[PDB]
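Only one chain is shown below, in structure tokens, and it's the form deposited in one PDB entry.
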């Protein structure tokens, strides 16, 4: 009965993303450079602290970092509930970033260590990546209704209660009582970063995520400038991408092994490039549904095909320890999540938004054929 571990990782991934999207629309109203710093602090701190957790998991194990992630996330949720100042907001966001890094790295490492089968690893990481998608979709309406009806602190109090329940479950099953070092060495990061295949996988993930990371804040400004759409059109414009990410992840986590992980990644990169290229031609929302659906489905195909390939490469060419490589993958995600909005806005101000989308699409299409080198020798 190792499904209890999968349940814990899924719930943890769902709750940070639920808190991530709830805070986004609430703080700016009550609160250029400082706002951008507040937005990017979580990603920057997580990117900085990924390697330290990756190294620590080889020394003390997974349960102590996983339990620490719940304690930091509970503290951050309480501080978000009660604090009302800028410095406290920065501290809460930094703590949220640290907790998210711990949770993601430790959970992915434990999932890779427990489900040693190649196909089952992808099967379970499909559901694990599903939890992030569910949190992004469920969070905004939850936060909006609780803020409208009960009060400002009600969504954060409910999230704190859910985190407390998750921590009670973790204490019941994980039982982080002692410190247990791992058996073998860790294959230091300098040797892993010299592998061209790991670099190719990380670059594919980084570019695929940077596409949507730059697209998501830039599109609303263009929609107001060109189509003069109302408030709710901006909100419901990115719903197809959110649904498509969930559907594509849950399907391709199982479907990628039969077709081939390299082929799935190549097709995903081509599809996302074509969709981003076709986005600027839209004239209204009906012209924007299909491109957004395609972008989300393609990002779901790339992620669910490139996590188990990282695990497989580490198993094949180095020692079977996964904390460091999954810290590398989390760093690849945070690279897109950190400098995305600011650079995207700067480019969309220097040149046109369609030019930015064209550049992103061309870059993705040109990087697509590099995934051919990831195919297995036999």
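Residue numbers count along the first chain shown, from 1. Under this definition, the rigid core comprises the largest set of C-alpha atoms superposing within 1.5 Å between the forms.
There is another form of this protein, the form deposited in another entry, and it is not shown here; the text below is about that form.
Asks: Select from 114, 282, 251, 189 the only position whose Cα moves 2 Å or more between this form and the one not shown when the core is aligned.
Replies: Just 282.
Asks: Rigid core aligned, does the Cα position of residue 51 differ by 2 Å or more between this form and the one not shown?
Replies: Residue 51: C-alpha displaced by less than 2 Å between this form and the one not shown.
Asks: For residue 260, does the CA position differ by 2 Å or more between this form and the one not shown when the superposition is done on the rigid core?
Replies: Stays below the 2 Å threshold, so no.
Asks: Cα of residue 68 displaced 2 Å or more between this form and the one not shown, core superposed?
Replies: For residue 68, whose C-alpha is compared between this form and the one not shown after core superposition, the shift is less than 2 Å.
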